[PDB]
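Remarks on the structure that follows.
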Amino acid sequence: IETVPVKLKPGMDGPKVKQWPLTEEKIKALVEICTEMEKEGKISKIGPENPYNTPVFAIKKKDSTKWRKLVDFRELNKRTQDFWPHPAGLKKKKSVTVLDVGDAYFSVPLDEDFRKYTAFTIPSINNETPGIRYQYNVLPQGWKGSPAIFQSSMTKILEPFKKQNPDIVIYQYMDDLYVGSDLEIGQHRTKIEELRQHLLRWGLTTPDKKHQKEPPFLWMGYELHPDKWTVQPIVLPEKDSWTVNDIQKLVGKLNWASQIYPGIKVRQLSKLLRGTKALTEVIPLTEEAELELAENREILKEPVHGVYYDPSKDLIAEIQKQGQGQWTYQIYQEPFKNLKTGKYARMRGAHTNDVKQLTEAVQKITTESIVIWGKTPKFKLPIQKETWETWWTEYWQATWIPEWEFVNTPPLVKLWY
Amino acid sequence: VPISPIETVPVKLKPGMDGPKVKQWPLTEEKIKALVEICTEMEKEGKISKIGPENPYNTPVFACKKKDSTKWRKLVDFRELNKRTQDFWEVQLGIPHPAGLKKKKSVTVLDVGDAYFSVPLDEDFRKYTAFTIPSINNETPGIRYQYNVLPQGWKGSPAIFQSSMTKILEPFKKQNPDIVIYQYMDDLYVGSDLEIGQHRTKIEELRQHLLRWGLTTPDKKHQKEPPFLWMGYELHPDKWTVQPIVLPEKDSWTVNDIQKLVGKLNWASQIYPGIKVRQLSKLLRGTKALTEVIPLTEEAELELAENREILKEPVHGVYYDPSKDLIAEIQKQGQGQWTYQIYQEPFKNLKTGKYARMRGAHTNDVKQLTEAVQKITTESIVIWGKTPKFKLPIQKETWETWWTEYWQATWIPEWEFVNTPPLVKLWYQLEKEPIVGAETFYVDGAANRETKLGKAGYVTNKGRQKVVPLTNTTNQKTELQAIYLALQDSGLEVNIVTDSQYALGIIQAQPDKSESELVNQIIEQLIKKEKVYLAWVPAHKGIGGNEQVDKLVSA
DNA sequence: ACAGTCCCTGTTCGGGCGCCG
DNA sequence: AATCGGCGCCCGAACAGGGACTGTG
């Protein structure tokens, strides 16, 4: 099998990203994995004359004890050449199952002139030894170009199964295969096992999970049900008595919401506060203000019109920490033109680990963006950079890694929950 | 001893570059005679070859005394070749720390003699390492040489030697999986649990293994007996300490001297608990004149006295036990300063440290405590590969009310409370609901972009008003100045309504210290109050007193 | 829309300490 | 001091980046 020539995009060098410290638990898993990969010729040792590096770490698989090596190929993917219809019904299916088929890439060799850019360094506890560096000889998991080079082989493997089951939607994104159907949950999981055995005739799938029936909060990114995803509307308070403070909060909330909803009006409401009154003073709503409020309630209840996805523009996701384990998020491409607004609650680290929560929320939001639009959004994380970099790898279980940045947000997002 | 038969590392120049053509500067006769003796020796030994006029490159050469040794070190100013040499990925990711060493029955420390001069250099790259040794008589032309081995001062030499040493140790390390070999540059900490007799047998097998690869372990540099001098530490069998620290004693100090004092005090803080350098580093602000003399402030001298006081007594650390839990305890020493100790058994510290970084213009003790917990977490992963259990001077309910009310995601791993004052507290708390029977203050401020003059005032529901004129200010400062006015001219319970997200986000984060003098004045008022409710309204929307005060300050 | 100013964060570099060649 | 290389840490400061506010018709 001859290799496909791969180039970097014009005027860009390879990645040069330092390796971050890893726990003994993770180093022992990586060393075991890589020693076996070198034996089967999938990777090979290199030296410091290769000036490129990409961070590596290990994750524990979904409902399993085995480890998966994850490379942070984000920088290489930005710099890799681009190669050459998204199923709108996949988000309409009842059940959708995510299969890690990344192991198939290790059977296709990589262009020799390109392997230098896939270099990574395994660290050692207490810096006992220098870093041991490897590069890839085969298509690597997590690389943008692996699914494209393997695309021809993937359609060939799936074509018999897709004609035997034409009612099943099969989408591919990086290492993961998204399998959607409208069957019942039990008959659906059997069809997934049918696909797993069909793949075994060609390429090996992740070892099955310890559970055959959905265990509590262990199949979060595995068995997802898109037809039950709900959008979070913007709501206004319902009070019998309103104070000056209550009306000020309302006007400020409505005035901000007027950037997303055109028909929002605040004129008759601000008239009620025309004096210089005390915050606790009760203000009776006039007939004009009650109608304007009731009309704003209607506008916020109807969905927004004329907001469509642009495949050329990046997706952006913002998350707000609302407290009590609840997180609100919005996915958009242009400011105030949201493609989706959702809410997440009851996540692991129940009532205790904020970072484990945010890391899980980022994965489900990303999962939703892959299912709906086939892209991954750039995240604006409400967390300190060092707080996140210290702990996020401990709760990650996805095969992809979205781009993110960190922001210090003013606590006036009280407009979503 | 022949040059190592290990294969050279392919080295290239940067694309479209040539070699260095730097002329040799004059040298003193003491260094010339030392360079000649050295060069004729390492030509016979093969490390160096003579070159002719075909080689058009050159690089200046000098020779400094070896660190605590009578031998001369041959150094070359390859600053021009390093700019033209390809980039490398350095494999040395950190420095080994004694606190991460486990207990072993037998310990040996080795040292490779003439380390870089044992590893050969890529044949194609040798032409660019040309240098000239100027003779005593200026009529004689002088002998030009090139390098056959890794030169000292070339940017690729450390990485290539490190990579080469690992390949040489790999067969021996695989043949003996139970022997621990800490490899840093050319110094080898070898540790095993065998008996002292069988251990010396394996050390000789290791020394012979390195000798076959052209790496001599001289007897003068072969340590077989505790205490061990390793990486600037003293490795006693059951304790470890830092080699003697010498703090300079001077009547007048300069920037350079303070910079040295700061560094050595940092280097001592890994095992000496309580080192403070905030006031000594404060003297480094603004002055870039390196030989300028700085008078020691009262706080700096007091701080130096404290450091010298705890430095006269020797402190030792313990080694690591993988079976026992890792524990870290933090204390708040000064303002913005923290110290911590990592141990397994109480009063037997593995290592100590300090965190004193000011993150942000405005912060509180709870933020800094969480920043120090993060720094310790990372440090523990590097040394021991695991996260320690924490003992923090903060109440369980104090932290619970902070992380539930803060808008950012903040977390601290498993920790327990210790009642070691001074404790970490929230000095004030903003009310969640407007206070009944509290005067409501509508504040705002404005400023001119060119004139830099501005106003700041308030209006109340009791009819009380105020407007203060300000000079050399900004929009952000006047809205902060307006809130300061409302806090000044009110009782112990006040409701404040601002239109400034900037001012609101600062106050809502509950800072207790700030780089801004104005914010610190606001903080002092907020701790004095009993109930404060801060509200936000959109500007220019005809709302309440916000409209009244906007016209007052915009005029 | 578009361009400034203000303020804040994060990155890099200057000095220092330490290891070693 | 002139006069080198690689790594880690600290602390102080220059430079860049981004978001909010304000001023223009």
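Summary of computed values
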item: Cα-Cα separations in the protein assembly as shown greater than 55 Å, expressed as whole percent; result: 29 percent
item: Whole-number D in µm² s⁻¹ for chain A, Kirkwood Cα-pair radius fed into Stokes-Einstein, 4 °C, 1.567 mPa s; result: 53 µm²/s
item: √(5λ) per eigenvalue of the Cα gyration tensor, the stretch B:321-427, largest first, Å; result: 23, 14, 14
item: For the stretch B:213-267, alpha-carbon Rg and Dmax in angstrom; result: 17.1, 54
item: Qualifying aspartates and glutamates (Cα of each under 12 Å from Cα of B:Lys432; at least 8 residues distant if same chain); result: B:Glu405
item: 13 Å beta-carbon shell around A:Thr390, net charge (K/R +1, D/E -1); result: -3
item: Fraction of beta bridges assigned by DSSP in chain A that are antiparallel (%, nearest 5); result: 85 percent
item: Helix-only mean residue ellipticity at 222 nm for chain B, each DSSP H run of n ≥ 4 adding -39500 (n - 2.57), per residue, nearest 500; result: -9500 deg cm²/dmol
item: Average other protein chain Cβ within 10 Å of Cβ, residues B:430-437; result: 3
item: Most positive-pole-ward Cα, B:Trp213, A:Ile365, B:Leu280, against dipole of the protein assembly as shown from beta carbon charges; result: B:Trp213
item: Dipole magnitude of chain B, debye to nearest 20 (Cβ charges: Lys/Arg +1, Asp/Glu -1, about Cα centre); result: 980 debye
item: For the stretch A:237-245, Karplus couplings with θ = phi - 60° (6.51, -1.76, 1.60), whole Hz, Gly/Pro x; result: x, 10, 10, 6, 10, 10, 9, 4, 4
item: The stretch A:157-255: Cα Rg divided by the 2.2 N^0.38 Å rule of thumb; result: 1.81
item: Alpha carbon Rg of the stretch B:227-320, scaled by the compact-globule rule 2.2 N^0.38 Å; result: 1.22
item: Antiparallel DSSP beta bridges within the stretch B:321-427, percent to nearest 5; result: 65 percent
item: Candidates per chymotrypsin sites (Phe, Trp or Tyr not before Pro) in the stretch A:261-337, loop by DSSP, up to 11 other Cβ within 10 Å; result: A:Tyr308
item: Rounded Å value of the spacing that divides the Cα centres of the stretch A:327-341 and the stretch A:132-165; result: 32 Å
item: Other protein chain Cβ atoms within 10 Å, averaged over every residue that makes up A:348-360; result: 2
item: Per-residue mean of C-beta atoms belonging to partner chains within 10 Å, peptide B:402-408; result: 6
item: Efficiency of FRET from Cβ geometry, B:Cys64 and B:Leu229, R₀ 25 Å, rounded to 0.05; result: 0.70
item: P(r) of chain B over all Cα-Cα pairs, binned every 20 Å from zero, in whole percent; result: 16, 34, 31, 16, 3, 0
item: DSSP-defined beta bridges in the stretch B:428-555 - what % are antiparallel, rounded to 5; result: 60 percent
item: Cα-based Rg of the stretch A:224-309 normalised by 2.2 N^0.38 Å, two decimals; result: 1.30
item: Label-point separation, B:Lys23 to A:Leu415 (7 Å along Cα→Cβ), nm; result: 7.0 nm
item: Dipole of chain B [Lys/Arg +1, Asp/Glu -1 at C-beta], most positive-end residue of B:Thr339, B:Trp415, B:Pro15; result: B:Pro15
item: Hits among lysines - C-alpha to C-alpha of B:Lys260 under 23 Å, sequence gap 8 or more where chains match; result: B:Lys65, B:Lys66, B:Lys67, B:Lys250, B:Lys276, B:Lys282, B:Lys288, B:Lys312, B:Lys351, B:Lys354
item: Positive minus negative residues near A:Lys60 (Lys, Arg vs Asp, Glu; Cβ under 11 Å); result: +2
item: Net dipole in debye of chain A [+1 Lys, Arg Cβ; -1 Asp, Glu Cβ; about Cα centre; nearest 20]; result: 60 debye
item: Percent breakdown of C-alpha pair distances by 5 Å bin, ordered from the shortest bin, for the stretch B:25-67; result: 5, 17, 22, 26, 23, 6, 1, 0
item: Computed magnitude of the charge dipole of the protein assembly as shown (debye, nearest 20; Cβ of K, R +1, Cβ of D, E -1); result: 940 debye
item: For the stretch B:157-229, diffusion coefficient by Stokes-Einstein and Kirkwood Rh (Cα), 4 °C, 1.567 mPa s, µm²/s; result: 99 µm²/s
item: Computed E for A:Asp310/B:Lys12 - FRET, C-beta separation, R0 41 angstrom, nearest 0.05; result: 0.40
item: Label point distance in nm, B:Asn138-B:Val467, each placed 7 Å from Cα along Cα→Cβ; result: 8.2 nm
item: 11 Å beta-carbon shell around B:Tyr340, net charge (K/R +1, D/E -1); result: +3
item: Residue-averaged [θ]222 nm for chain A, counting only DSSP H segments that reach four residues, each worth -39500 (n - 2.57); result: -8500 deg cm²/dmol
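So basically every Cβ, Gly included, is an ideal-geometry build from the backbone, and we count neighbours across all protein chains shown. Where a number appears in this text, it was derived from the coordinates with a stated rule and is not lab data.
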